[PDB]
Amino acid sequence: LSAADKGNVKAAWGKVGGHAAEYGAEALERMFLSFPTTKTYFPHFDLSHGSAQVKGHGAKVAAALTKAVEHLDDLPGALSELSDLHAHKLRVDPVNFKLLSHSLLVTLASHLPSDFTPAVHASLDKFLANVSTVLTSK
């Protein structure tokens, strides 16, 4: 991530604001509907629309992304805890992170149309790619 990329990410996440958990839940609901194979990682969740488990998990996902935005210079240090979870414990297939990052970009573009510029789109794709690389590491 370049200085211009970091600047776009911090700016875009500021417009998100208090809607992070709300957007993180939608991005999950978009993932599960568009890519049903991702459902196999949440067999204990009820994945119907309006499920409290999908709402709850979307908040934890958005909280993790906010932690990553505030620690853009040290993503491995800010996400070492979740990297151990998704790699050793959960063994999530790396293809799935591309599916979630796409679902997040679709959600952000849907709610922030005027701020979702091509320059920001490119920066957010590169941020979500770095976040994934950290979680797929180890």
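All residue numbers refer to positions in the sequence shown, first residue = 1.
Quiz item: Given the B-factors recorded for C-alpha atoms, which segment has the greater mean, 74-82 or 58-66?
Solution: It is 74-82 that shows the higher mean C-alpha B-factor.
Quiz item: Mean C-alpha B factor from the entry: is it higher for 44-52 or for 24-32?
Solution: Comparing 44-52 with 24-32, the higher average CA B-factor belongs to 44-52.
Exercise. Could you say whether, by C-alpha temperature factor, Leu112 belongs to the lowest, middle or highest third of its chain?
Key: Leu112: CA B-factor falls in the middle third of its chain.
Quiz item: If you rank every modelled residue in this chain by C-alpha B factor, which third holds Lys98: lowest, middle or highest?
Solution: For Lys98, the deposited C-alpha B-factor lands in the lowest third.
Quiz item: Of the three thirds of its chain by CA temperature factor, lowest, middle or highest, which one includes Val92?
Solution: It falls in the middle third of the chain.
Quiz prompt | Chain-wide C-alpha B factor ranking for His121, given as lowest, middle or highest third | solution = Lowest third, going by the recorded CA B-factors of the chain.
Quiz item: If you rank the chain by CA B-factor, which third does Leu128 end up in: lowest, middle or highest?
Solution: Lowest third.
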